[PDB]
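The chain below stands alone and is given as C-alpha cells, in the form deposited in one PDB entry.
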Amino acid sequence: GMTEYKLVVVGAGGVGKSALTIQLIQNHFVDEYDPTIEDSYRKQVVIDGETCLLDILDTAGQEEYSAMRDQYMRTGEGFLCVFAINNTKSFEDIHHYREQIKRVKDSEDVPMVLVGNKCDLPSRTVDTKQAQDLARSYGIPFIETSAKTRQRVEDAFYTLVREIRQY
C-alpha cells in the first residue's frame, strides 16, 4: 500500500557500503569487515512527508563478483556511488562504476549521489573541492557521510528518492 524505490549502493571494497546501509536500516554501526557478495534490505520510511518502501541493494566491492553488476545496474532506480575519504584509490574507482551504470542505461541521466564516507576519521587524502568537482562533472550532488556517527546518512539515501520522484 505504498510506492517502492530500488536503491543500489556501489563502490570499491571496504569503503563502508554495508555500514551505511545497516546504519540506515537498523540504526547500528557494523565494526567488522565482512565482505559482501550481495544483500537486500527493505524498510518503510517517511521522506518529505510521504511514506514509502525502500528496497536497498548492498553490493560487492570485491572484483571477484564484478559480473553481477550488469544485472543490478539495469533495474536499480538510484545509486549511491561511495568512496572513502582516506582512500584515493576508491575515489579513482568511482569512474568505472559510473561508466558501467551509464552504459547499461544507454547514457541516460540516472538518480545518483557521490558519497564520501568515513568523514569521522582524521586522515583525509581526497580533497573537498576535488570531490565536489568530480560530482559536478557528473552532474550529481556530493555528500560527506559517516556510517559511524550517522552524519548525513539519511540525507544520502533520501536524496535518491527525491530525485526518483521528480524524474
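One-based numbering along the sequence shown.
For the pair 158-166 and 2-10, the record assigns the higher mean C-alpha temperature factor to 158-166. Looking at mean Cα B-factors across 64-72 and 128-136, the upper value is held by 64-72. In the PDB entry, a CA B factor belonging to the lowest third of its chain's modelled residues is recorded for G116. In the PDB entry, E50 places in the middle third of its chain by CA B-factor. Per-chain ranking of the deposited C-alpha B factor places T21 in the lowest third. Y41 sits in the lowest third of its chain by CA B factor, as recorded in the PDB entry. For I101, the recorded CA B-factor ranks within the middle third of the chain. Only modelled residues enter the ranking.
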